[PDB]
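One chain is shown next in structure tokens, namely the form deposited in one PDB entry.
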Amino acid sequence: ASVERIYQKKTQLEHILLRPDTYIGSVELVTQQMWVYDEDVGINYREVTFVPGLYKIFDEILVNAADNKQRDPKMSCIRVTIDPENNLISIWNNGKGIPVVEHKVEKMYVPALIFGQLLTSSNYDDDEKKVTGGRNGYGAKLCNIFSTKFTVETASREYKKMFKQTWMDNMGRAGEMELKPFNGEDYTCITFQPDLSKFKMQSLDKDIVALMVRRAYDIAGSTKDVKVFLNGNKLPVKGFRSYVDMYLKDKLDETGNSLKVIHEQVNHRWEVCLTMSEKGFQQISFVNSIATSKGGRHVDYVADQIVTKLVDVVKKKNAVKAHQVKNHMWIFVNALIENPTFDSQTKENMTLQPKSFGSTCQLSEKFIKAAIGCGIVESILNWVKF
């Protein structure tokens, strides 16, 4: 009952381990339906049991690799390895490495600063209108903190040096930094052993692997001109449209016919597909290659254009409410947004208003006409008169 037991102050690192949820999501098991890529049937929707926080620390490193394609458009490949037996994951990318040099203000080598100190980022100057997913200066450190071993290797031909250093025990200590002369092709490679005890797991099991493999497919579908490999296996995705087809290729509507898909690449920062849903409103969307699984104003901005036009039509031919049109829709959106905001570090819901996007996404009259003719108007029209 002492005042010192009751009222306690935590360090930032202590707080992350004590209160992980707002940083990485739940550290308890969840059982829910998800899209996964299974070793035998591929992309499919099924019940899975997994720990969100474990999935998220993988996501943080993977999105960081996609971010390097905006930093260096000459980057060409991402290679992911997953080794359940040794509890080992690595994510490698080419294109420009991280500068191997001492930071004159923070007085340590740049790779050690930005992987080993909290609140460090190249995304803190919003006069730079960037379409990277990184915003807060946490993600890589969060992966470090929830790993028993975390290694950073990055090679910079500009500085003619390669950097390598390892952290251990939830970012509680580090081994010696290794510097070596370098004159080859730049790359960065992050290799980590997740702290499965913090997630109450015994190994990287079937479900979490299938989620991680699907997330790699996401990256292959949402990035431009980046080849993605998983354990050496090239992921056979060319464009966002071919990614979308993996979800639809084989299912038919409840009446029995194949799904009609409306598509437009609106500009270099927006691509949209629309089909029908039998499960209520559904959206699969990405902002700067982040999976925005709770949606956000980018989904609203696109979906509302469609809804308003379809509601206009049923009025001409008739009382109809927006939510009734929306619950027939399955929308896919791939967007590049300048300096996005989200509700949380996990970046599931993108909250930035359209006036700040840095681009527009006005669907064409052709897209809209095809949406009017996809059957939603007819279904609702028959409903109202009845």
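Residue positions are given as counts along the sequence shown, with the first one as 1. Basically, rigid core = biggest C-alpha set you can superpose within 1.5 Å across the two forms.
- Compared with other entries of the same protein, residue 250 falls in the group left without coordinates by at least a third of them, where both flanks are modelled.
- Missing-residue comparison: residue 261 falls in the unmodelled set for none of the other PDB entries checked, so it is not missing from a third of them.
- The entry shows a gap from residue 318 to residue 319, with 4 to 9 unmodelled residues of the deposited sequence in between.
- As recorded in the PDB entry, 374-382 is the stretch of 13-21 and 374-382 with the greater mean C-alpha temperature factor.
- Across the two stretches, 213-221 and 285-293, the PDB entry reports the greater mean Cα temperature factor for 213-221.
- Set against one another, the Cα B-factors of 207, 128, 271, 312 in the record reach their highest point at 312.
- Based on the entry's C-alpha B-factors, the most elevated value among 71, 173, 135, 263 belongs to 173.
- Sort the chain's modelled residues by C-alpha temperature factor and residue 51 lands in the lowest third, per the entry.
- Ranked by C-alpha B-factor against the other modelled residues of its chain, residue 256 falls in the highest third.
- Per the deposited record, the Cα B-factor of residue 142 falls in the lowest third when ranked against the other modelled residues of its chain.
- Residue-level temperature factors show residue 154 in the highest third of its chain, judged at the C-alpha atom.
- Residue 81: CA B factor in the middle third of modelled residues in this chain (values from the PDB entry).
What comes next is about the form deposited in another entry, which is not displayed.
- Core superposition between the shown form and the other one leaves every listed residue (70, 26, 359, 345) with a C-alpha shift below 2 angstroms except 345.
- The rigid-core alignment places the CA of residue 307 2 Å or more apart between the shown form and the other one.
- Core-aligned CA deviation for residue 88 between the shown form and the other one: less than 2 Å.
- Relative to the superposed core, residue 44 shifts its CA atom by less than 2 Å between the shown form and the other one.
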